[PDB]
J.: 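Just dropping this structure here.
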Amino acid sequence: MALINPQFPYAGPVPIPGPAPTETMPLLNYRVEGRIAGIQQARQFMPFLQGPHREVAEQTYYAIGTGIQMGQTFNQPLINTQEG
Amino acid sequence: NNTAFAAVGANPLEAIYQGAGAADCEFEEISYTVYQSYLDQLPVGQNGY
């Protein structure tokens, strides 16, 4: 967006020496076929386990029984003959 | 003992020490240790790794 100087104008570009025209043109680089080499193993001996863990520990229980329940020799009360 | 003790006036590009006593300099031993740095536990989807 330059302003044209009317007192000192200039013309378009003139030819100048050039950079040997084939040396600015590249070759198209020619890929050969390739292979991810080797026979891959199916599994890996991992350093960490792959499953979930638990944040807190919960107390577990198992039921037990008591035993054969016996009789008893109670201390027996007195007879309510109007004193009680 | 050849490629590591250049003399005074030799090319010290691949040498380690250079001096006027370099004709009698020698190694006693060289020990090396290699440490491999890799990525373990690779992700596996279907169609392999």
Side-chain angles (χ1 to χ4, degrees):
Chain A
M1 282 73 75
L3 297 163
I4 286 175
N5 200 334
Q7 209 185 11
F8 304 94
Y10 49 86
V14 296
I16 43 173
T22 47
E23 203 168 3
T24 67
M25 310 170 175
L27 293 190
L28 264 72
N29 259 337
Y30 204 80
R31 272 172 178 199
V32 310
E33 63 185 358
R35 160 166 267 175
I36 301 287
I39 305 166
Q40 286 157 30
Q41 61 199 51
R43 201 182 288 177
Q44 41 195 350
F45 206 85
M46 283 161 156
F48 307 109
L49 270 80
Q50 281 201 302
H53 310 260
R54 303 209 280 124
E55 321 176 16
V56 293
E58 198 189 41
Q59 171 77 64
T60 52
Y61 302 96
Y62 61 95
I64 61 175
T66 313
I68 306 179
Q69 283 165 341
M70 305 191 299
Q72 275 146 337
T73 64
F74 297 96
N75 292 130
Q76 295 192 301
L78 303 184
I79 301 299
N80 194 0
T81 61
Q82 287 83 21
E83 296 219 280
Chain B
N1 299 146
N2 306 140
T3 181
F5 313 110
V8 175
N11 200 345
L13 169 81
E14 294 176 353
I16 303 175
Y17 283 87
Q18 184 169 37
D24 303 337
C25 290
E26 67 154 22
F27 290 93
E28 289 172 333
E29 69 196 37
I30 297 179
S31 194
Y32 73 92
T33 307
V34 185
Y35 292 95
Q36 173 168 335
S37 177
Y38 60 96
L39 289 180
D40 213 338
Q41 199 146 357
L42 305 172
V44 171
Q46 62 181 356
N47 299 112
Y49 293 101

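Every heavy atom of this structure was used, including side-chain atoms; hydrogens, water molecules and symmetry mates were not. Protein chains get the first letters and strands the later ones, always in sequence-line order, with residue 1 at the start of each.
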J.: Do other residues, nucleotides or ligands put more than 12 heavy atoms under 6.0 Å from A:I79 CD1?
T.: no
J.: Restricting to pairs with a member in residues 46-76 of chain A, which pass ring-ring contact (aromatic ring centres under 6.0 Å, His included), not counting sequence neighbours?
T.: none
J.: For B:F27, give me all partners under ring-ring contact (aromatic ring centres under 6.0 Å, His included), at least two apart in sequence or on another chain.
T.: B:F5
J.: Is it the case that over 12 heavy atoms from other parts of the model lie below 6.0 angstrom from the CD atom of A:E33?
T.: no
J.: Do B:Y49 and B:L39 land in one hydrophobic cluster if side-chain heavy atoms of ILVMFWY residues count as linked below 4.5 Å?
T.: yes
J.: Given the rule that I, L, V, M, F, W and Y join up when any side-chain heavy atoms are under 4.5 Å apart, are B:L13 and B:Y17 in one cluster?
T.: no
J.: Can you name the nearest heavy-atom pair linking A:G84 to A:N80, along with the distance?
T.: N-OD1, 4.2 Å
J.: If I compare all heavy atoms of B:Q41 with all of A:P47, which pair ends up nearest, and what's the gap?
T.: OE1-CD, 3.5 Å
J.: What pair of heavy atoms forms the shortest contact from B:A6 to B:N11, and how long is it?
T.: CB-O, 4.3 Å
J.: Do you know which two heavy atoms are closest between B:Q18 and B:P12, and how far apart they sit?
T.: OE1-CB, 3.3 Å
J.: Are B:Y32 and B:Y35 linked, directly or through other ILVMFWY residues, by side chains that come within less than 4.5 angstrom of each other?
T.: no
J.: In Å, rounded to the nearest 0.5 Å, how long is the span from CD of B:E14 to CD1 of B:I16?
T.: 10.5 Å
